[PDB]
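**Student:** Structure supplied as run-v5.pdb; contents: PDB, C-alpha atoms.
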ATOM      1  CA  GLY A 672      -5.013 -26.440 -93.267  1.00  0.00           C
ATOM      2  CA  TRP A 673      -3.885 -29.668 -91.620  1.00  0.00           C
ATOM      3  CA  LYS A 674      -6.217 -32.676 -91.405  1.00  0.00           C
ATOM      4  CA  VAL A 675      -6.228 -35.928 -89.491  1.00  0.00           C
ATOM      5  CA  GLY A 676      -4.522 -38.559 -91.654  1.00  0.00           C
ATOM      6  CA  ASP A 677      -2.212 -36.059 -93.343  1.00  0.00           C
ATOM      7  CA  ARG A 678       1.455 -36.987 -93.348  1.00  0.00           C
ATOM      8  CA  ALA A 679       4.055 -34.442 -92.243  1.00  0.00           C
ATOM      9  CA  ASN A 680       7.805 -34.492 -92.738  1.00  0.00           C
ATOM     10  CA  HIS A 681       9.364 -32.925 -89.623  1.00  0.00           C
ATOM     11  CA  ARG A 682      12.970 -31.679 -89.645  1.00  0.00           C
ATOM     12  CA  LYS A 683      13.721 -33.413 -86.338  1.00  0.00           C
ATOM     13  CA  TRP A 684      11.464 -36.441 -86.256  1.00  0.00           C
ATOM     14  CA  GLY A 685      10.988 -37.421 -89.897  1.00  0.00           C
ATOM     15  CA  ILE A 686       7.675 -38.476 -91.381  1.00  0.00           C
ATOM     16  CA  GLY A 687       4.644 -38.929 -89.149  1.00  0.00           C
ATOM     17  CA  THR A 688       0.855 -39.016 -89.392  1.00  0.00           C
ATOM     18  CA  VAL A 689      -1.452 -36.333 -88.008  1.00  0.00           C
ATOM     19  CA  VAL A 690      -3.761 -37.927 -85.405  1.00  0.00           C
ATOM     20  CA  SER A 691      -5.403 -34.774 -83.938  1.00  0.00           C
ATOM     21  CA  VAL A 692      -6.001 -31.222 -85.081  1.00  0.00           C
ATOM     22  CA  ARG A 693      -7.321 -28.493 -82.836  1.00  0.00           C
ATOM     23  CA  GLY A 694      -7.490 -24.858 -82.008  1.00  0.00           C
ATOM     24  CA  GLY A 695      -9.010 -22.665 -84.690  1.00  0.00           C
ATOM     25  CA  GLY A 696      -7.608 -22.560 -88.218  1.00  0.00           C
ATOM     26  CA  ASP A 697      -5.450 -19.543 -87.307  1.00  0.00           C
ATOM     27  CA  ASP A 698      -3.614 -21.360 -84.523  1.00  0.00           C
ATOM     28  CA  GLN A 699      -3.830 -25.077 -85.280  1.00  0.00           C
ATOM     29  CA  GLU A 700      -2.256 -27.429 -82.791  1.00  0.00           C
ATOM     30  CA  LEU A 701      -1.254 -30.824 -84.213  1.00  0.00           C
ATOM     31  CA  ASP A 702      -0.690 -34.218 -82.668  1.00  0.00           C
ATOM     32  CA  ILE A 703       1.639 -36.090 -85.000  1.00  0.00           C
ATOM     33  CA  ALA A 704       2.391 -39.775 -84.533  1.00  0.00           C
ATOM     34  CA  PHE A 705       5.944 -40.638 -85.549  1.00  0.00           C
ATOM     35  CA  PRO A 706       6.993 -44.282 -85.856  1.00  0.00           C
ATOM     36  CA  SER A 707       8.521 -46.065 -82.876  1.00  0.00           C
ATOM     37  CA  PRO A 708      10.277 -45.102 -80.732  1.00  0.00           C
ATOM     38  CA  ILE A 709       9.377 -41.422 -81.186  1.00  0.00           C
ATOM     39  CA  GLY A 710       5.633 -41.634 -80.581  1.00  0.00           C
ATOM     40  CA  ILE A 711       3.159 -38.747 -80.625  1.00  0.00           C
ATOM     41  CA  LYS A 712       4.322 -35.134 -80.474  1.00  0.00           C
ATOM     42  CA  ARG A 713       2.070 -32.141 -79.865  1.00  0.00           C
ATOM     43  CA  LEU A 714       3.085 -28.903 -81.551  1.00  0.00           C
ATOM     44  CA  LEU A 715       1.753 -25.657 -82.932  1.00  0.00           C
ATOM     45  CA  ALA A 716       1.539 -25.733 -86.720  1.00  0.00           C
ATOM     46  CA  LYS A 717       2.684 -22.138 -86.983  1.00  0.00           C
ATOM     47  CA  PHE A 718       6.440 -22.075 -87.452  1.00  0.00           C
ATOM     48  CA  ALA A 719       6.608 -25.871 -87.145  1.00  0.00           C
ATOM     49  CA  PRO A 720       9.429 -27.306 -89.277  1.00  0.00           C
ATOM     50  CA  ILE A 721       6.975 -29.525 -91.169  1.00  0.00           C
ATOM     51  CA  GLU A 722       5.992 -30.004 -94.787  1.00  0.00           C
ATOM     52  CA  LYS A 723       2.944 -31.924 -95.965  1.00  0.00           C
ATOM     53  CA  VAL A 724       3.547 -35.427 -97.365  1.00  0.00           C
TER      54      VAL A 724
END
Please express the file's structure as C-alpha cells.
**Tutor:**
Amino acid sequence: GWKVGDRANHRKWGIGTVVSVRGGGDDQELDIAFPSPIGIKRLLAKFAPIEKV
C-alpha cells in the first residue's frame, strides 16, 4: 500500500507527501505533510479521499 515518500492528492488539502505509515497493511494510518500552512495530517487510509501521485 502506501509508503513513506509517496505523494497523495487529498480532496480537501491538495497534494502532500507521506511522512509516516503505520498500523498493519489492512488498516494503514498515514501522516501526510501538506505544504504550509496546512502541515501534517494524520488519517486512516481506508476511505480517505486521497489518490496516489
**Student:** Since I can't run it myself right now, could you work out what the PyMOL selection byres ((chain A and resi 682) around 9) selects here and report it as a list in words?
**Tutor:**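 Output from the PyMOL selection byres ((chain A and resi 682) around 9), applied to this file: residues 680, 681, 683, 684, 685, 686, 719, 720, 721 and 722 of chain A.
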**Student:** For a test of reading the model, state the distance in Å between CA of residue 710 in chain A and CA of residue 676 in chain A, rounded to one decimal.
**Tutor:**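 These atoms are spaced 15.3 Å apart.
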**Student:** With all atoms of range 698-704 of chain A from the file as input, state the centre and edge lengths in Å to one decimal of the axis-aligned box that has 3 Å extra on each side, as JSON.
**Tutor:**
{"center_x": -0.7, "center_y": -30.6, "center_z": -84.0, "size_x": 12.2, "size_y": 24.4, "size_z": 8.6}
**Student:** Kindly resolve the PyMOL selection byres ((chain A and resi 703) around 10) on the present coordinates and return the residues as a PyMOL selection string.
**Tutor:** chain A and resi 675-679+681+684+686-692+700-702+704-706+710-714
**Student:** Carefully work through the PyMOL selection byres ((chain A and resi 694-697) around 10) for this structure and note down the residues it includes, as a PyMOL selection string.
**Tutor:** chain A and resi 672-673+692-693+698-701+715-717
